[PDB]
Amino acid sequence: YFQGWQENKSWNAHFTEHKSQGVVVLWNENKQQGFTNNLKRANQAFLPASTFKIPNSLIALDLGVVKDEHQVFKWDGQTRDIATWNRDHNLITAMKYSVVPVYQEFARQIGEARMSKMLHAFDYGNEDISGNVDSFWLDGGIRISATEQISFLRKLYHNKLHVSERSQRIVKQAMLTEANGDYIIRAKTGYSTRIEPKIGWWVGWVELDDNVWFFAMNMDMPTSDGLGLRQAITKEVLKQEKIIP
């Protein structure tokens, strides 16, 4: 059961408007239909970078590295570039502000053996954790494409990943990004800088009253000045398709 990714190059106007290039992939859950502006880049695999916080949190929770979304992970004292990293954090706040050292410690505690076994169970990307156990999603060998992200998120939404239902619900809670009377967005941003090409990520889904639209976008990010375009371009596509007002 798969009809195919229906191409819609109309969305490229939003990329060129902001002098950007990239891909947006949408998936209508109720109708089982996928749509993208660039079928090739939709299957192009990249480093997941901070979007790896979704599987990392799941494993850490299911193994007991993280007890719940309230456990405090104390700042190790090292002053870092991002100001919000230099405080204590919980799972909600570590995901919101994308606190790498918190998740690097998660990976070290998970272990290379369990990280590989768990990502194979998740069917996540190329399932290659080669590199440092606490940095392989930043400069190692793991690659995931936008369509593979949607595939992974769909299983997470339906509690179908091979971790406990509780772990999956906690992560989906920590993914909450926006909510109003019209929609709910559960998503994770991402930014890959070490290995070329430099790209920005945004993967997640839009919850409506009677449907859910999964999305996974990436775009060339030569400078950090356009990080806001990850969400801005994604929403412009969502508004054009009448998914959000």
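One-based numbering along the sequence shown.
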### Residue stretch of maximal mean CA temperature factor, 75 to 83 vs 150 to 158
75 to 83
### Task
Please work out which of 65 to 73 and 44 to 52 has the higher mean CA B-factor as recorded in the PDB entry.
65 to 73
### Query
Which has the highest CA B-factor per the PDB entry: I142, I110, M95, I170?
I110
#### Entry: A174 - which third its CA temperature factor falls in, relative to the rest of the chain
lowest
### Message
Ranking every modelled residue in this chain by its Cα temperature factor as given in the entry, which third contains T193?
### Response
highest
### Message
Splitting the chain's C-alpha B-factors into thirds, which one does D220 fall into?
### Response
highest
### Query
Thinking about Cα B factors across the chain, which third does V24 belong to?
lowest
